[PDB]
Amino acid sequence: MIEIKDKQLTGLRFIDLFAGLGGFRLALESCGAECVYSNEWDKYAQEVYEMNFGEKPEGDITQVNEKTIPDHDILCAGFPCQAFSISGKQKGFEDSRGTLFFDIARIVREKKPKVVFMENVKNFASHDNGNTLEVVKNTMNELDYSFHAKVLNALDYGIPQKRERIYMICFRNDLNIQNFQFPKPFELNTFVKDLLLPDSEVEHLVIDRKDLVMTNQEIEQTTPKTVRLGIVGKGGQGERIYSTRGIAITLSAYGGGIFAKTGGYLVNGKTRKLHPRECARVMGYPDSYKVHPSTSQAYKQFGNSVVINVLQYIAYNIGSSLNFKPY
């Protein structure tokens, strides 16, 4: 994550729904905002969240009386994506894990914050012939909010990962916000190789599979794209090896394969998956952020998370718009 000198969100209160690691919290607090409520029902996510923020998020949002939620200016929510992801069954709103957006709407209807800041996977924008995105748009409009949505790729914002996500920013209409803009892309100057830990700290992640098939030669020049070098087994998810001179593939939460949830990388002549701390870095988390003691849970958590830097640029722009109040 980056340092933000001009704290555009100072004096603003926000809530951290589907909190996870608290990615939205890091991003908004870096702009000066204050978190006044957090919600996350996973046992291990609550533990790591508490480890880093000193609070245990409240459980199951579907059982929370929206009236008990503290007043706030901005509502943050990177809601569940298993039901919308290209990697899933795409049952969408029909999936028991796909109706969480309506809980968000329920809370918005009651608390009417100035801004609603949501995130989900790229496929969310095309799911069900665009009807899924349309439903969210119309729901927000019905609640009297504007609706700004765009898919942003983390590689365009200084983080070496091909993570494409749809970001939805909604402003309460009475605010008459007409100048919100998504951050402009800029040249990537950091690559996977730049975030790796020393070999001595990741030896246990090195695997030598006899069914390794290197399909492409290593590149010497860094490039802002994923560069597959080979595969193991049948080349499915978690069975693909990439160049550290390129960018990381999208980290996943329930991913399988031998290089599960992070993908495999060619590092100093050896093939290995990423260490949880490298996952943190690939997600824009500062080294000061404490990862969960269970490596399996840590991989899951970062795989479900958001790239801090991207949220920071968006948050700064939300604040920039909220603060432009000329006579």
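When you see a residue number, it is the position in the sequence shown, counting from 1. Take the two forms, find the largest set of C-alpha atoms that superpose within 1.5 Å, and that set is the rigid core.
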item	value
214-222 against 153-161 - segment lying farther from this form in 7 other deposited structures of this protein (CA RMS, rigid core fit)	214-222
Rigid core superposition result in 7 other deposited structures of this protein, more deviant of 26-34, 254-262 by Cα	254-262
Of 51-59 and 297-305, the stretch whose C-alpha atoms average the higher B-factor in the entry	51-59
66-74 set against 267-275, stretch whose average Cα temperature factor tops the other in the entry	66-74
Selection from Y145, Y254, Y157, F117 [criterion: highest C-alpha temperature factor in the record]	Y145
Chain-wide C-alpha B factor ranking for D194, given as lowest, middle or highest third	middle
Ranked against its chain, the third holding the CA B-factor of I219	highest
CA B-factor ranking of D287, expressed as a third of its chain	middle
CA B-factor ranking of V206, expressed as a third of its chain	highest
Position of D42 among the chain's modelled residues by C-alpha B-factor, lowest, middle or highest third	middle
